[PDB]
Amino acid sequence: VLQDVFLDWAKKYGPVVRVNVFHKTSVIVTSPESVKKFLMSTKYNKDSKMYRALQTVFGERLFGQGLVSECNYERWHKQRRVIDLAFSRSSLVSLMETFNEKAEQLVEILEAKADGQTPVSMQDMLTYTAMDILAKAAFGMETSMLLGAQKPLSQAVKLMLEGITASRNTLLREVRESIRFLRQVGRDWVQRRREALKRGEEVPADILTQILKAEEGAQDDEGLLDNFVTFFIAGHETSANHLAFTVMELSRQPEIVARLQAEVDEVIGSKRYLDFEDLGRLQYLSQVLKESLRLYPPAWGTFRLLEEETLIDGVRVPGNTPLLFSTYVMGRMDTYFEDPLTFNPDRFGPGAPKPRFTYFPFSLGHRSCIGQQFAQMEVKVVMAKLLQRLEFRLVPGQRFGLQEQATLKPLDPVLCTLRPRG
């Protein structure tokens, strides 16, 4: 993948290198001090040039000026300030019911197939789960993709994704159809929501709540669709990929798995539901998930606009330049991580110095992932429940490896046979 080329040029040509990404030129910056400087300061903002191909796609607007697309600091801080509320400790804690429900449903579906012969795309399974969690926790809707439902909606997302890929690398407008379908799904849910809140009905505190709250005084509900499609995608795709990677990797780490089983047996035993309080105790699982994001971050990095020509690690960089930051790249440099290709959870063990600006799967600073804790909670619940109940062996001819689509994800879907643990 392209990221591997950047890795090689970073190792070979130093901490500051000019490259072509998405057919614009920019400078990839791979020193931790530069990461700190540019990401930990409100002075530096996203580069609208890089994000415009995501703002709109093949004529149909997609993410618009959503919470991710929006580059202007002030328009952004307005949205963020209110959407933050849907992510407070109390909000997250009230999500445990949704996470538990969906994870249990997944484990049940999978146990039904666990004869050691039926192959299963863990990639697909993990995606339906992530989408079901997101759809309910964010918008209060049941999609039931784990149970065969909303197949069209599933296809839209699928194509809408391939679309974005092409939209920004191409050296079949089902895509435009899809982008529209998605936006209409949004219109419908936003609607079902208003229609219930004008039956004066008691609806609890969602992400959806806050996005509407932030689109007040808006002549159109077009920015409200922006945010809808934004969370709808941001909120399931990278989590599903993160899951898929972790499972791909674990299938060839029997020792790691043993220690994880051991751990989950103690912390949760055989209870069906994890309590919010249990998550904190899943120390070692948490290390595994970190080491997974280091080698396989679904979101490889971010861009910032350098406006004043500045000096960067002894290199004059011209003003108006897109700076590229890559956690994928840094994760794989022997300069920052000893023996980088080796998957080792102890890197994050208690007592190890935390990586210092060389690891940022959720990015850093004011534009960091608003959903970080949400995703870390969700991901522990699903992994815990898998570890508690199943064993996964990978089917022959499945490659370990990676592809650079809209985000990084496993090269092959992750085909496995399953046995009940025992």
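Start at 1 with the first residue shown and count on from there. For the two forms, the rigid core is made up of the largest set of C-alpha atoms that agree within 1.5 Å on superposition.
After superposition on the rigid core, the larger root-mean-square Cα deviation in 8 other deposited structures of this protein belongs to 148-156, not to the other of 207-215 and 148-156. Larger root-mean-square CA separation from the shown form, computed after a rigid core fit of the structures in 8 other deposited structures of this protein, is seen for 197-205 when 197-205 is set against 107-115.
The records show that residue 240 is included in the coordinate set of every other eligible entry of this protein, so it is not omitted in a third of them.
Notably, residue 171 is an intermittent gap: at least a third of the other compared entries of this protein, restricted to those modelling both its neighbours, have no coordinates for it. Gap check for residue 341 to residue 342: zero deposited residues are absent from the model.
Per the PDB record, of the two stretches 22-30 and 363-371, 22-30 carries the greater mean B-factor over its C-alpha atoms. Remark: stretch with higher mean C-alpha B factor among 321-329 and 156-164 is 156-164. Within the listed group 255, 237, 124, 195, the record reports its top CA B-factor for 195. Between the residues 377, 384, 390, 394, the entry's highest C-alpha temperature factor is the one at 394. Among all modelled residues in its chain, residue 48 ranks in the middle third by Cα B-factor. Sort the chain's modelled residues by C-alpha temperature factor and residue 287 lands in the lowest third, per the entry. Ranked by Cα temperature factor within the chain, residue 206 sits in the highest third according to the deposited record. Compared with the other modelled residues of the chain, the Cα B-factor recorded for residue 229 ranks in the middle third. Residue 410: CA B factor lies in the lowest third for its chain, per the PDB record.
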